[PDB]
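Notes follow the structure.
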């Protein structure tokens, strides 16, 4: 064996004695004499010479075993060693440059790595290329939590990636490995309860049983079994939290209850027998909801469809409800029915669907006959937030809702396909009024309801702040595993999920899915893979 | 480490003592023990065995750190070391030869590098091939500024590049690296204010914010946001400077004012109310302009379009102007209107557009009604050089001007596509009379006005002389960077800009552009790349 020391090892060990004697300094330990996986990144053919693919700062989170030792040590010093293992192919060509940028030099487009002291990494190289990162520091050690100025390691393109075949494969994965150098050390042992990295890197909020087991949608309390790409984009803001500690709308993520107190009621016809109860209140009159005034908590964020007579409306959002009077309200016994809720204009006359929340008014009209109908000005609804979809006959209409049917509040970040990546919409099997036995078997296709993000994602995203956990212009990429395929799934700053399906509207089943993995953040110029079982 | 000395190192150091003791001679310095980037060049498949790809003279500008040390030292001696890193591919084949030509042998087609002492560089080689250049000199050192006879290093084709796939990829980038040898030294320290290389190599005149920020066109004071290729060529000579210290035409590059003093005026109709003022003066009567007599400074260099009646003319060059009499002129109050300027023949009768400046006469006819119209023989215009384009309705006509509409003076160097490279025309968003709210959004496509070269290029090209900064038969190539692509952009001896788009007329947006880089000059047989996001 041969462990490479750094160029500054004599003064790295000596000045780090201000932390006491060096700790975990034993060169026969086999967490120090082996390279271990750190990161992976995509070098595509569309990258110019001089473009930066991989930047990382000198830190003990670069090695999986010095990041385990870092929670019991309040300080570190010494260099590190990096290995680069190109997947590549013998038909691929182009080089890379890896160099150690000193502190005080910022990393970006004007940085010219090719005139630093560097190493050259070919795309078709067998033996991996090793660079050594010295610990060039203006301090004597780096305290864990406020390490100060550290060297950066930058992987630029020396010669751009050429593929003589043409299209198809246009990306090469490069695997970074990390091993401590001879002069690495920890100092000043601390209790492990003290922590520095508190983001849940944003990796822990989506694990493997979220997609092949427990976990649900933002529109129904239904198990996620599909993900369906949509070209052009869509917008959802009800229970869709961004990476920061805020959201744009009502409906905190819990399927408990929708309860409103004020709102007038009416019914058509001169006879108060076997009619449809139709209830309205304007947007912005919900004083009881502490988040937003525009809608009560749990109101469905689609457009109301205009229907009349005894015909069942196509698609929508129906759920069993009740009508209660005010002044310490007892709900009326003879008014319990299915009610369809949404947004409309011009009640109770000509009803039109609405796209913007401002200038609208919330509606709730029954789809079934009720023997009694009230017309009192103080009235309210009592519906549960779990709902189904009403259809005239069983069949299979479409995935609901459409991207255009969803109402957005003013000031919502829209999903936009960047590159070949397109947004996705997590589907779930839901029951319908035309066929309550919507088991996933024969007798036509079952109905699918699509939402934006999973509910464990929303729950783990509500509490914590991720203002610096993911740099803008990137999305965090998981590595989903299937039986005969695998996908990369993004998560941008707006909370939306991305996939590299391109212009296709085919539902992909997470039936054979096994495991998801953390990788890190990857920028938007890198296309997520679509190597599936097709 | 192992630093290779030269074959003449014992007599290189000894005779360089006429400059005093050797300076910067310390072999542990890490600017001496590492290879650094010097140049890159394209070896395509269309290159014969014996053709020269890369020639460079022995000089301290070959290394980025001995070129920084050269401004504080008036003399150098000793060899150099060159490394060659082929991008290549395992499917590519063919060799190269690198040899050190002695002084007194000129470099060209009759030079036969294969029988010099040489090294062979394969297209598919992993480890880079190192040659050493000794300092074979008839002097004792080379003074910086007049170095005298130096050896040349010539990269010829040993076997021509073969690609078994066919077309697509037909070029391989080879990267030259440079490191000083053991006997390199500087002598006779000088003040750094003395300089030798004063060309702004012609690299510094176009930086990155010229294309993604400040910077403008030769026809309008508008921000450059497009570049549009044109097959067949075009000609522009108004504010288009060549690499030498001259230009062919009027209009020094500044959008200040166009002011003429002499020229007759006329108006149609027997009633002097609500008419169009039409003004003419011949070409060559502008005594006030010190550059050229044929047009006043700021006159638009297109052909006038013939229009009559109340109809708005299609395209053109309109700008708000005024008419003033002579003899210490006070401009007339009741004549301020939009005026369209250009070149026509046969005023004031049958007006025809003109292609040649000689045999023409400049015209200026209003497009809007003016309540007063004069007919006095001494009269002049007062228009500002910033202008818009007049259109009948909003829409999107075409990019203006067309290549055929531009008037050329006799003796103008025409842009001609050489190889697959074609000339480009930098577009800019300009306002129009049919739609003044031409923001780059919805409501049809905005109008684009195309010019030849940027205005910082013209300003940095006017003052200095580049008679030897760029050898003829080449163009200087920048490396433009985008988000998902990159281009090479040429600049030939006529000042025109080139790109490898081929026969395509698609506008390429510099919205995602990030940075431009210097590379050097590349000859016209090398095709500029077109690896874009498509």
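Quick rundown of the values:
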{"quantity": "Scope the stretch A:246-300; condition surrounded by 19 or more Cβ atoms within 10 Å (Cβ to Cβ), assigned to a loop (DSSP other than H, G, I, E, B) and at positive phi; matching residues", "calculated": "A:249, A:251, A:298"}
{"quantity": "Residue ID - farthest from the other protein chains (Cβ to nearest Cβ), chosen from residues in the stretch A:61-94 that are over 21 Å from residue A:156 (Cα atoms) and assigned to a strand (DSSP E or B)", "calculated": "A:73"}
{"quantity": "Output for the stretch A:280-295, where each listed residue is over 26 Å from the mean Cα position of the chain (by Cα) and within 19 Å of residue A:339 (Cα to Cα)", "calculated": "A:280, A:281, A:282, A:283"}
{"quantity": "Residues satisfying the stated conditions in the stretch A:511-523, i.e. under 19 Å from residue A:425 (Cβ atoms) and either crowded, with 18+ Cβ neighbours inside 10 Å or within 14 Å of chain B (Cβ to nearest Cβ) (or both)", "calculated": "A:513, A:516"}
{"quantity": "Number of the exception - residue B:531 against (1) within 14 Å of another protein chain (Cβ to nearest Cβ); (2) surrounded by fewer than 19 Cβ atoms within 10 Å (Cβ to Cβ)", "calculated": "(2)"}
{"quantity": "Within the stretch B:453-489, tally of residues that are part of a loop (DSSP other than H, G, I, E, B) and in contact with a helix residue (DSSP H, G or I) (Cβ under 9 Å, 6 or more places away or on another chain)", "calculated": "2"}
{"quantity": "Extreme residue, nearest to the other protein chains (Cβ to nearest Cβ), among residues of the stretch A:122-156 that are in a strand (DSSP E or B) and touching a helix residue (DSSP H, G or I) at 6+ places or on another chain (Cβ under 9 Å)", "calculated": "A:156"}
{"quantity": "Meets criteria (exposed (fewer than 15 other Cβ atoms within 10 Å of the Cβ), more than 14 Å from every other protein chain (Cβ to nearest Cβ) and assigned to a loop (DSSP other than H, G, I, E, B)) for residue A:33", "calculated": "yes"}
{"quantity": "Residue among A:64, A:22, A:60 that is closer than 24 Å to residue A:128 by Cα and touching a helix residue (DSSP H, G or I) at 6+ places or on another chain (Cβ under 8 Å)", "calculated": "A:60"}
{"quantity": "Residues of the stretch A:208-239 satisfying the condition of being more than 24 Å from residue A:440 (Cβ to Cβ) and in contact with a strand residue (DSSP E or B) (Cβ under 7 Å, 6 or more places away or on another chain)", "calculated": "A:231, A:233, A:234, A:235, A:236, A:237"}
{"quantity": "The stretch A:87-121 - residue that is over 34 Å from the mean Cα position of the chain (by Cα) and crowded, with 19+ Cβ neighbours inside 10 Å and, of those, farthest from residue A:193 (Cα to Cα)", "calculated": "A:93"}
{"quantity": "Looking only at the stretch A:3-24, and only at residues there that are under 41 Å from the mean Cα position of the chain (by Cα) and surrounded by fewer than 16 Cβ atoms within 10 Å (Cβ to Cβ), the one that is nearest to the other protein chains (Cβ to nearest Cβ)", "calculated": "A:4"}
{"quantity": "Filter pass, residue B:28 being part of a loop (DSSP other than H, G, I, E, B), within 14 Å of another protein chain (Cβ to nearest Cβ) and surrounded by fewer than 16 Cβ atoms within 10 Å (Cβ to Cβ)", "calculated": "yes"}
{"quantity": "Of all residues in the stretch A:415-448 being outside any loop (DSSP other than H, G, I, E, B) and within 23 Å of residue A:208 (Cβ to Cβ), the one that is farthest from the other protein chains (Cβ to nearest Cβ)", "calculated": "A:429"}
{"quantity": "Boolean, residue A:104 is more than 13 Å from chain B (Cβ to nearest Cβ) and over 18 Å from residue A:63 (Cα atoms)", "calculated": "yes"}
{"quantity": "Top-ranked residue in the stretch B:157-166 [being in a loop (DSSP other than H, G, I, E, B) and within 14 Å of chain A (Cβ to nearest Cβ); ranked as farthest from residue A:163 (Cα to Cα)]", "calculated": "B:161"}
{"quantity": "Members of the stretch B:167-195 that are in a loop (DSSP other than H, G, I, E, B) and within 14 Å of chain A (Cβ to nearest Cβ)", "calculated": "B:167, B:168, B:169, B:170"}
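Conditions tested, residue by residue: (1) within 14 Å of the chain's Cα centre (by Cα); (2) within 14 Å of chain A (Cβ to nearest Cβ); (3) over 20 Å from residue B:287 (Cα atoms).
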{"site": "B:207", "(1), (2), (3)": "yes, yes, yes"}
{"site": "B:211", "(1), (2), (3)": "yes, yes, yes"}
{"site": "B:224", "(1), (2), (3)": "no, no, yes"}
{"site": "B:240", "(1), (2), (3)": "yes, no, yes"}
{"site": "B:244", "(1), (2), (3)": "yes, no, yes"}
{"site": "B:253", "(1), (2), (3)": "no, no, no"}
{"site": "B:259", "(1), (2), (3)": "no, no, no"}
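Quick note: the coordinates plus some simple rules give every number you see, no bench work behind them. Neighbour counts run over all protein chains shown; Cβ positions are idealised from the backbone, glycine included.
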